[PDB]
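Read the structure below first, then the notes.
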RNA sequence: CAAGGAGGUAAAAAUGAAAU
RNA sequence: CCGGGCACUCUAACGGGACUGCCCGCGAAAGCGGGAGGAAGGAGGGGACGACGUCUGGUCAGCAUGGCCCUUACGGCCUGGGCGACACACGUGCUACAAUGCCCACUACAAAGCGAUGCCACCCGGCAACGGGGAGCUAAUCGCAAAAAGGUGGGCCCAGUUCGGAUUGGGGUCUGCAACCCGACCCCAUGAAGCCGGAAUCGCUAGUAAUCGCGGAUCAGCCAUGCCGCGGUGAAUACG
Ligand SMILES: [Mg+2]
Ligand SMILES: [Mg+2]
Ligand SMILES: [Mg+2]
Ligand SMILES: [Mg+2]
Ligand SMILES: [Mg+2]
Ligand SMILES: [Mg+2]
Ligand SMILES: [Mg+2]
Ligand SMILES: [Mg+2]
Ligand SMILES: [Mg+2]
Ligand SMILES: [Mg+2]
Ligand SMILES: [Mg+2]
Ligand SMILES: [Mg+2]
Ligand SMILES: [Zn+2]
């Protein structure tokens, strides 16, 4: 019954960058608890960003996250055996989490061969507003758009 | 190149291309090309015809392989035809040869499930 | 040549940190602070307390390490480096506390408990 | 229910051992079997003494054995028998230094094994169990105890229906470590079956 | 030159009985390396708590076997005299060898 | 006629005459009910007062249960003049 | 088969592999520890009794 | 799979060899697969025990590492409702 | 390939050694 | 700042079990 | 490795160490929030500990035991068989369907434990299992063990394929009186099903889940992928 509001977990800043965000992204890359392979892939992809574009990956990655941020999402709620879906706003914590999660997932959805090039490209596509994650973001906002009827149920 | 009974594997490393023969596997593979004296990492794409001839001559001879040894293997099971042992009956009933568990599993010899119900 | 305390521990890892006041930013033990820790991204985070202070290579590192794996050793080194510069510079306390570079971090591997499959992972069931 | 043996629960701090010797492998097994056969042989022809303990100590062929008894009446002065061949019959499968001592347990009403054994005798005397429990507790409580508790379970007074008679005065905290709680148990053999008597005796600690 | 080892299950009896020999050797004309605490050899075993068949939730026990070392210098029969047969253990196993 | 056994004790008692599967005082009782379940051409014949016959409910539907003694039941399935899955079970 | 069966367990002749462990206090053939020569059941009993030298509850 | 042993029952062989000089009768039993096929006395029948009875198995070359009881199945199976 | 008897990885998992996993040096 | 009285009231969800 | 030294690390024996005691705010109190204080805090993180009683719960196959029954036998010995049977159904799992992946080579970094009726260094034969030798070790001394995931290099290039390892043929080794039914490995060759799972269903809130190897009990050997422990790297999220 959540007596404690569960305090927000804080991370360690990365190497060379100091991000309070990049490490969170590396973590999503991480599988089976191998931060070595995870971090390597991201920094690898950072080197890949430099090639296809003359931009610093610290902004390319930053803007990509900003473009894959759900303004509002759909929430299933009350009365009628939980029949309604109230479109709710998204907390900065949750926009944060969804952005990075959808990025990595869409990144591994790509037909490319190497994990680094998937990350790099999906970030470049998302920075422009083209990524498959941006599709996911825009999709979730469609659902939230179509439910404005009983949005006044709010909460 | 029609090495034994097969020819299929083109552009894909001779140490690997060799594997595509019933009788070669992996150990006899590099064993055959070190004894014939050929580079394993080659193209397989019809390279030096001489290397291919030597390879063919050694491989196809030496040990039995392809359809010939399939016949021998099948004949070794035919050994336990006659009035054979227990191991033959396991080849007869279609059940696992090495006395394992057949209460469950053993699907690789029994085949897919049939379901009786009762 | 010289000596400066050194006791860094983190998750079954022991690291004795010295540092000798010289411009040669050096290594210890096996090979380089690199070399011995190459391919490991977070390995260079052990030198962050030096970045927290005014040490751009003013000391000659000498850390013998043992026990655990690399990451714990690296973590322990961080505790040892900090334990040195706080020792011979008692006024460098007002940075090891706000930044929190001084903690043994009691976070250690929890015991396998019976019944459970491993630590906390329950063995999974069906009623039927 | 399910509760751990209040003796084993202590062992370390509070309540020491009962067989105190050290050995490595290839020896422990043999010396433990001998040790237990001593306890087994003693219990038989020494029950009339009512023995609270059977402490045992060793030091390479030394085997010391201390028998605690409420009333050591079955020792009778040196060559008056009841000790001579009796402490010498141990070495018929031992042959080692059968050093048998006898202790005088002062108050039997504060010795848990003795309490339970007195109760278990009364069950076989066909006594009224519930009244026997009550008295034994008060008897223990009468002799200065800080807390007591006796438990007989099963087949009470014959009669087809297993019961469990319960009585306890004062304080008996089993969960506490600094407890000094004596635990005893006894089998009452009856013409209608077998029932078990638990006895808890408690004194202060800190 | 004289090396003595003291093994034991109870640590309190060991830490005390192997300290007597530090006093009975120092006050007899010798240098004594104090109670050397050799590591313990813990011998655990895990038993199912019930006589029946309740596999989950059992209860385990351990048999800690402690080792303690003490060395005395010169093997003079002045220190030897006391540590010869003035033994006060409770079963504590003692090893005496010189090398 | 009986055709199958789910209890090994009952099975041995009826087949070989091995009485070391059932209670010693219930050998004559268990015998005369099994024989009556054997000669039974229809469940209607297993209707004597002393058996206390009755079909079970729930997940035990399709099963019958005459009483041997006390809380002990001989449960089975009767179909087409034969009984199957003869079990000597405590009604719990 | 129990009394004549704790006989064989100590008799131990005829082929070396036919010999087996067996609790001494009981007659248990399973979960018999070589160290004590006891089954897991008996071992627990005596460990709570205190009749097992050094043997103590494990908490960590 | 033995190599330097490769054994047959001494008692099976005792009975088999002392009934091998210049000929015999096929009346010969056993109680142990444990043995091995044994060359010589090939034209023989060895009634092997399968746990229930003695099955007359016949030797006609072809067999070797297969001792006996492989020629004496212990179970029956036969079918599963079908 | 933790179950293939022809790998250093499968030989680890099985425990045993051999040709596909020599006893060091 | 402390409620007395008036009114819109959940859904889809049935059964019992084998000596006292 | 020696001389020598034992301050570091470690070993194991007793201790110190926070009790929201100190600051602000709230309150009648308890207490709650917040803050320098330190390794640590408002039960620090885990263990052992399971009230009166409930389930005619479980256990006569650990053992004890009332009653009933068996005694040239329902007891006793032995060889052999069986518990390992298989048209099927369910539970708990192991290994996978691959490229944050596989293979080969090189090269690091643990803990907790076990061993002289055994662990077996180092040589020798052997593709290997393993066998001949044979040193040290009553073992923080010698050995089991090189930890594995990691790193460095190189090779496959996404295809049932260097994924996956089932099944089967052959050849061997070791324990054992003996391994057909029914043992574990080693080597050659076969290389299946599987390309990620219907209705449903489980676990875990911080060293945690996931993932990686290591030890032990039982044990001649082993069907252990099990159970009980050990450490390595190490997430996500909790509005409510
Ligand atoms: Mg089988
Ligand atoms: Mg299935
Ligand atoms: Mg773990
Ligand atoms: Mg389980
Ligand atoms: Mg109805
Ligand atoms: Mg408590
Ligand atoms: Mg019941
Ligand atoms: Mg009995
Ligand atoms: Mg079974
Ligand atoms: Mg397919
Ligand atoms: Mg595919
Ligand atoms: Mg929780
Ligand atoms: Zn026992």
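Think of each number as a place in line: the chain as shown, counted from 1.
If you're wondering, the header gives X-ray crystallography, 3.6 Å.
Using N, Cα and C of the backbone, Cβ positions are placed for all residues, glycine too.
Database features, via Swiss-Prot:
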SITE      F:14  site 'Interaction with HigA'
SITE      F:31  site 'Interaction with HigA'
ACT_SITE  F:92  active site
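What Swiss-Prot annotates, mapped onto the structure for a quick look.
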residue : record                       : Cβ within 10 Å
F:14    : site 'Interaction with HigA' : 19
F:31    : site 'Interaction with HigA' : 15
F:92    : active site                  : 5
For the C-alpha pair, I'd like the distance in angstrom between residue F:31 (site 'Interaction with HigA') and residue F:14 (site 'Interaction with HigA'), rounded off. 7
Distance, the residue listed as 'active site' to residue F:14 (site 'Interaction with HigA') (CA atoms, angstrom): 24
Check each of F:14, F:31, F:92 (the recorded positions) against chain I and write down, in sequence order, those whose C-beta lies under 8 A from a C-beta there; write 'none' if there are none. none
Where residue F:92 (active site) sits in the secondary structure, as DSSP reduces it to three classes: coil
Hey, does DSSP put residue F:31 (site 'Interaction with HigA') in a helix, a strand, or just coil? helix
